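Here is what each chain is made of, one letter per residue.
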Amino acid sequence: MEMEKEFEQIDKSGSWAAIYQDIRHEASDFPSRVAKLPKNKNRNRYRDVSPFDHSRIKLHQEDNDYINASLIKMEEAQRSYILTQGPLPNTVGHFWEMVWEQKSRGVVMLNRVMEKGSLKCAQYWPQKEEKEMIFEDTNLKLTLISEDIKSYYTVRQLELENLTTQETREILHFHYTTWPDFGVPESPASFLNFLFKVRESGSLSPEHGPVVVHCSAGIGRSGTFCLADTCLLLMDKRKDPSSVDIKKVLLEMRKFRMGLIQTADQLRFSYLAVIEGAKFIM
Ligand SMILES: CS(=O)(=O)NCc1ccc(Cl)cc1
Ligand SMILES: CS(=O)(=O)NCc1ccc(Cl)cc1
């Protein structure tokens with residue numbers, strides 16, 4: 001079908017749970033043997049969320065190359081993304097090692113450090129200019145350069161220094177701060193505005209390594225971000241934009257990381273965002 005009328009037809013028929021379950025049944029399953037080795041237990045936030053062996057990001061260090069992160073490579077759209085969990089106390093140095101080694105220009109954060117009264121990820125970036133962070137395990141230094149706080153999202157400029165070579169790079173931190181503790185946003189307007197700010201920065205462009213995208217597990221909100229971006233790019237590239245099938249794009253992305261889009265409400269929100277984004281583009 002076409003998207004907007006498939007949308008009203010699922011709303012009128014109340015069948016979001018049945019559509020979402022179909023996706024879960026058809027999704028790829030591949031080995032995640034490295035994630036499950038006992039030496040990696042303290043490198044995983046959740047025992048049921050693991051990167052596939054075939055698409056996992058490898059750290060350039062012989063002792064242990066493991067991080068809970070996946071390369072999502074979208075061939076027709078010509079976009080790549082790294083999707084990862086929120087960093088743990090023991091993995092903040094590995095996180096910045098990956099950003100360095102992969103040549104990323106941007107980090108996209110879709111959660112707060114505390115939500116529902118519990119910690120969802122480590123405080124992994126500095127809050128004050130004059131109080132920089134040193135990761136002794138990974139031999140990196142990170143400095144806050146500037147911060148711009150807006151009503152729905154904050155953008156930070158950071159300096160990452162490789163202490164071994166004294167090389168420096170500028171990293172942009174895009175922090176969506178208003179996703180609700182329960183459910184999904186009522187309107188996709190502020191999420192789409194945010195996506196457009198990340199695009200305008202150059203962080204998603206082929207000149208740079210892939211953007212790093214995370215939430216708590218790196219599958220739900222993170223899934224929604226990459227699914228909306230890829231669907232809107234395909235609608236611009238193709239002769240017939242009504243040919244873009246959001247369910248088929250999501251199953252292609254699930255070949256590279258398990259579990260992307262965690263609820264029927266996140267699936268409906270992804271359709272809503274693509275439908276409203278397609279009108280703004282023209
Ligand atoms: C997690 S796993 O790698 O052990 N399972 C995936 C799987 C899919 C299909 C077949 Cl035929 C066999 C295995
Ligand atoms: C390779 S490095 O210089 O960036 N840091 C050392 C290191 C990295 C990763 C692990 Cl798992 C252990 C040690």
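Parameters at a glance
The scheme used for residues numbers each chain from 1 in its written sequence order. That scheme is not guaranteed to match the entry numbering, and residues without coordinates are omitted from view. Whichever chain is written first is A, and whichever ligand is written first is 1; the rest continue in order. The basis for every side-chain value is the complete set of non-hydrogen atoms in the structure, without hydrogens or water. What makes a residue near a molecule or strand is one non-hydrogen atom of that residue sitting within 4 Å of it. Any pair of nitrogen or oxygen atoms within 3.5 Å is treated as a polar contact; in protein, a donor-acceptor pairing is required on top of that, and neighbouring residues in sequence qualify only through side-chain atoms on both sides. Polarity classes work like this: nonpolar for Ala, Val, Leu, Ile, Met, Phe, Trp, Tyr, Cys and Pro, charged for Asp, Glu, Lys and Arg, and polar for all others, with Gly in that last group. Numbered from the N terminus, helices here are DSSP runs of H or I no shorter than four residues, and strands are runs of E no shorter than two. Axis definition: a line fit to C-alpha positions, over the contact stretch in the case of helices; interaxial angles, taken between N-to-C directions, run 0 to 180 degrees. Angles are sorted into four bins: roughly parallel if under 35 degrees, roughly antiparallel if over 145, roughly perpendicular if 65 to 115, and oblique for all others. Residue contacts are defined here by distance: any two heavy atoms, one from each residue, within 4.5 Å place the two residues in contact. Values of accessible area rely on a 1.4 Å probe in the Shrake-Rupley scheme; residue burial ignores everything except the protein chains shown. Partly exposed describes any residue whose relative accessible area lies between the buried limit of under 20% and the exposed limit of over 50%, with all areas from a 1.4 Å probe on protein chains only and scaled to the type maximum.

**Q** Where do I start with the site of ligand 2 in this structure?
**A** For ligand 2, the full set of nearby residues is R43, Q61, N64, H94, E97, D137 and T138. The separation between a nitrogen atom of ligand 2 and a polar main-chain atom of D137 is 2.9 Å. One nitrogen or oxygen atom from the main chain of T138 is found 3.3 Å from an oxygen atom belonging to ligand 2. When its residues are assigned to classes, the shell around ligand 2 shows no nonpolar, four polar and three charged.

**Q** Explain unusual backbone geometry here, please?
**A** It is generally the case that most residues other than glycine have a negative phi and that most peptide bonds are trans. With a phi angle near 50°, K116 is a residue other than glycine that sits in the positive phi range. Along the chain, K116 falls in the loop between strand 5 (114–115) and strand 6 (118–119).

**Q** Would you take a moment to explain the packing of helix 2 (residues 16–26) against helix 8 (residues 264–281) for this structure?
**A** A pair of packed helices is captured by two measures, namely the crossing angle of their axes and the spacing between those axes. Two elements in contact, helix 2 and helix 8, have axes whose closest approach is 9 Å; the angle formed by their N-to-C orientations is 95°. Classified by the interaxial angle, the pair formed by helix 2 and helix 8 is roughly perpendicular. Counting all contacts with helix 2, which are made through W16, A17, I19, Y20 and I23, the residues of helix 8 involved are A264, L267, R268 and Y271. Taken together, the residues that form the contact of helix 2 with helix 8 break down as eight nonpolar, no polar and one charged.

**Q** Sorry, what's going on with the site of ligand 1 here?
**A** Around ligand 1, the structure places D29, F30 and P31. Take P31: an N or O atom from its main chain is 3.0 Å from an oxygen atom of ligand 1. Bound to the protein, ligand 1 loses 32% of the 380 Å² it would expose on its own.

**Q** I'm lost on helix 4 (residues 92–102) in this one. Help?
**A** Side chains that are three or four residues apart share a direction in an α-helix, a result of its 3.6 residues per turn. Across the eleven residues that make up helix 4, a large majority, ten, are buried. By the burial criterion, the buried members of helix 4 are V92, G93, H94, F95, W96, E97, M98, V99, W100 and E101. Directly after helix 4, the chain includes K103, whose backbone phi takes a positive value near 65°.

Purely spatial values, then, with no claim about function.
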